[PDB]
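Let me begin by presenting the structure, written as structure tokens, before commenting on it.
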Amino acid sequence: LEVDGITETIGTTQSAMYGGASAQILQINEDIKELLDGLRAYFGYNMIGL
Amino acid sequence: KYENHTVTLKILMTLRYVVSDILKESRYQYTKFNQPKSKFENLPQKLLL
């Protein structure tokens, strides 16, 4: 935006391919996967006879 | 000792200015985003000192 000799330009993280918070979400997933895979080892797999 | 002598000096003084004209005097914005209501803000003046 340019008015009367003062101008400003901004480029957001928003894009057609990815949303503005997509970086935070994708890092949250990276942590949750590690966090969840490790915790499953505390409980272990499920077994039932047949 | 210097009753009828001349004297000369190299001197340092503070910078000073006066406003001799106000130029592009007012610039305005109705800022509304992330406000309870429309607000009027005066953007910077340019001064010819």
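Simple scheme: letters A, B, ... for chains in structure tokens order, numbers from 1 for residues in each chain, numbers from 1 for ligands in the order shown.
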
Please build the interface table for chain A against chain B with a cut-off of 12 Å, listing for each qualifying residue the nearest atom pair and the distance in Å to one decimal; count only C-alpha atoms, order rows by chain and increasing number, and write it as CSV.
```
residue,atom,partner,partner_atom,distance
A:1,CA,B:29,CA,12.0
A:2,CA,B:27,CA,11.7
A:3,CA,B:27,CA,8.4
A:4,CA,B:27,CA,7.4
A:5,CA,B:24,CA,8.7
A:6,CA,B:27,CA,9.1
A:7,CA,B:43,CA,12.0
```

Using C-alpha atoms, can you write the selected residues to a file as a short mmCIF file (atom, residue, chain, number, x, y, z; two decimals), in the first residue's frame?
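Once written, again_32.cif looks like this:
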```cif
data_model
loop_
_atom_site.label_atom_id
_atom_site.label_comp_id
_atom_site.auth_asym_id
_atom_site.auth_seq_id
_atom_site.Cartn_x
_atom_site.Cartn_y
_atom_site.Cartn_z
CA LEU A 1 0.00 0.00 0.00
CA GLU A 2 1.37 3.39 -1.08
CA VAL A 3 -0.25 6.70 -0.11
CA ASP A 4 1.17 10.22 -0.35
CA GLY A 5 4.84 9.27 -0.20
CA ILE A 6 4.55 6.59 2.51
CA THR A 7 4.59 2.94 1.41
#
```

**Request:** For residue B:16, please output as a ChimeraX atom specification all residues within 12 Å (counting only C-alpha atoms; exclusion window: fewer than 3 positions along the same chain).
**Result:** /B:13,19,49

re atom CA of residue B:32 and atom CA of residue A:23: distance 28.2 Å

Those of chain A in DSSP helix (DSSP H, G or I), formatted as an NGL selection string:
:A and (22-43)
